[PDB]
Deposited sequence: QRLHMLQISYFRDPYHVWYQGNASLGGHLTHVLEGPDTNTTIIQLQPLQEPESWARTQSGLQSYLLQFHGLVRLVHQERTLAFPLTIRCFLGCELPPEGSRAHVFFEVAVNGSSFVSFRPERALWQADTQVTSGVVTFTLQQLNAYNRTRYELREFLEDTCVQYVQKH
């Protein structure tokens, strides 16, 4: 059917973040995420994924969270970011032709940015472009890691999970 993944990152400090999140397969909770950047635990509630695959998945997710944090730190360093800062990322894939994918990020509840795989580009959702919004999109559209490797996650890895379970 689909995957709807959600995380909320509460940054009390650029260098201090509390993560909380989850993922639903179709309409039901399958995964949870919780803890600080130094001790975030990612749990599959429904142990359907092989332990090895799952360990690889957790590694990829932890890599993501560290890179995510690094992006927030860089945005705050280059462009001032007020704290406490809450980042809410909603991403997913939906399946009977080619899969639909999306990724949108809100800041303090206000949709801040989104991904459009058709050109492998990120664009603002917000009608108000400011230094933070422009700078964040740059990193997104300057590196293959944020433009194409993300598509493999959303249009391939995400959908394989959905198709399989």
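Stretches of the deposited sequence absent from the structure, as judged by C-alpha coordinates, reduce to one: 96-98.
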